[PDB]
Amino acid sequence: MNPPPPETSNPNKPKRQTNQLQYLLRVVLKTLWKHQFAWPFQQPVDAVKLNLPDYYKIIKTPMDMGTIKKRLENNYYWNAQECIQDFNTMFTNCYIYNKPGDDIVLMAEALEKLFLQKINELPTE
Ligand SMILES: O=c1[nH]c(-c2cccc(NS(=O)(=O)c3cccs3)c2)cs1
């Protein structure tokens, strides 16, 4: 069973645009998206499709790059750090749901290193 995907809009929450958030969409996300290991992370885990009936029994704060992309596109975030926390939740979720050395974990580890490389330096505001 799949819960609804994480919100990508919320009228109670204030919106913002910053140079750093623009960069997170235009450079960081859009480059990671093209990586050969990006595909498992491009949309919410579909537990019915993937036959992972325990996925949402284990993972209570799901996150994926599709959701992050839509959040950036909709100016959902207040700042870069908020967006960065979503990437970090995505990676951590993968390590939590799986086991060290798993192929899916190797993919997340590779993406995380590339992500860290790209956010090491952000534009100034
Ligand atoms: O913890 C997470 N698993 C996934 C995911 C996405 C697509 C397919 C799978 N299962 S899978 O096809 O057996 C697989 C194993 C290694 C990479 S994908 C997991 C995303 S986040």
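Structural data are supplied above this passage.
Residues numbered from 1 in each chain as written, not as in the entry; some residues may be left out. Heavy atoms only, no water. Residues with missing side-chain atoms left out of burial classes, pairs and counts.

Draft legend 1. Inspection of unusual backbone geometry at higher detail. In the Ramachandran plot, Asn 51 falls in the positive-phi region, its phi being about 60° despite a non-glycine side chain. Within the element layout of this structure, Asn 51 appears in the loop between α1 (19–32) and α2 (55–58). Accessibility expressed as a relative area gives 59% for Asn 51, which makes it exposed. Despite not being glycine, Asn 75 has its phi angle at roughly 55°, a positive value. Topologically, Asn 75 is positioned in the loop between α3 (65–73) and α4 (80–97). (Helix = DSSP H or I, 4+ residues; strand = E, 2+ residues; numbered from the N terminus. Buried < 20%, exposed > 50% of the residue type's maximum accessible area, 1.4 Å probe, protein only.)

Draft legend 2. Quick look at the nonpolar core. Counting residues in hydrophobic clusters, the biggest one holds 30 residues, and the most contacted among them are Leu 24, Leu 72 and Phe 87. Only α1, α3, α4 and α5 (103–119) provide two or more residues apiece to this core. Apart from the residues within four sequence positions on either side, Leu 24 is in contact with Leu 29, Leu 72, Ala 80, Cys 83, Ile 84 and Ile 119. (Core = buried A, V, L, I, M, F, W, Y, C linked by side-chain atoms within 4.5 Å. Contact = heavy atoms within 4.5 Å.)

Draft legend 3. Structural context of the packing of α1 against α3. At a minimum axis separation of 10 Å, α1 and α3 run at an interaxial angle of 150°. In terms of orientation, α1 lies roughly antiparallel with respect to α3. Between α1 and α3 the crossing geometry is left-handed. Two secondary-structure elements touch here, α1 through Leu 21, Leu 24, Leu 25, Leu 29, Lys 30 and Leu 32 and α3 through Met 65, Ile 68, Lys 69, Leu 72 and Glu 73. Classifying every residue of the contact of α1 with α3 by side-chain character gives 8 nonpolar, no polar and 3 charged. (Axes fitted to C-alpha atoms, helices over the stretch in contact; angles between N-to-C directions. Parallel < 35°, antiparallel > 145°, perpendicular 65-115°, else oblique. Left-handed = near helix turned anticlockwise from the far one by under 90°. Nonpolar A, V, L, I, M, F, W, Y, C, P; charged D, E, K, R; others polar.)

Draft legend 4. Region of interest: the side chain of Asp 86. Mapping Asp 86 onto the fold places it in helix α4. When near neighbours in sequence (up to four residues on either side) are disregarded, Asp 86 contacts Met 63, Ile 68, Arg 71 and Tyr 77.

Draft legend 5. Focus on the environment of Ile 84. Secondary-structure assignment places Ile 84 in helix α4. In this structure the C-alpha to C-alpha distance between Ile 84 and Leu 122, which are 38 residues apart in sequence, comes to 12 Å. Ignoring sequence-local partners within four residues, the contact set of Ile 84 consists of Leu 24, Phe 115, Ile 119 and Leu 122.

Draft legend 6. Layout of the packing of aromatic side chains. Summed over the entire model, instances satisfying the criterion amount to 5 aromatic pairs. Between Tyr 55 and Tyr 97, the ring centres sit 4.7 Å apart and the planes meet at 65°, which makes this aromatic pair edge-to-face. Highlighted residues: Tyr 55 in helix α2 and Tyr 97 in helix α4, separated in sequence by 42 residues. Residue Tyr 55 shares its accessibility class with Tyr 97, and that shared class is buried. Counting every residue linked through ring pairs, the aromatic cluster contains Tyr 55, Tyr 56 and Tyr 97. The ring centre of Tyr 76 lies 4.3 Å from the NZ or CZ of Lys 13, which sits over that ring. (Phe/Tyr/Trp six-rings, centres within 6.5 Å; stacked < 30°, edge-to-face > 60°. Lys NZ or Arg CZ within 6 Å of the ring centre and 35° of its normal.)

Draft legend 7. Representation of the site of the ligand in the model. Neighbouring residues of the ligand: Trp 39, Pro 40, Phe 41, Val 45, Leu 50, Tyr 55, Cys 94, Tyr 97, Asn 98, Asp 103, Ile 104 and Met 107. Interatomic distance of 2.9 Å between a side-chain N/O atom of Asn 98 and an oxygen atom of the ligand. Coverage of the ligand by the protein amounts to 71% of the 490 Å² it exposes when considered alone. If you list the elements that add at least two residues to the shell around the ligand, you get α4 and α5. The element best represented in the shell around the ligand is α5, accounting for 3 residues. Residues of the shell around the ligand, tallied by class, amount to 10 nonpolar, 1 polar and 1 charged. (Near = heavy atom within 4 Å. Polar contact = N/O pair within 3.5 Å; in protein donor to acceptor, adjacent residues only side chain to side chain. Areas by Shrake-Rupley, 256 points an atom, 1.4 Å probe, with all protein chains shown as cover.)

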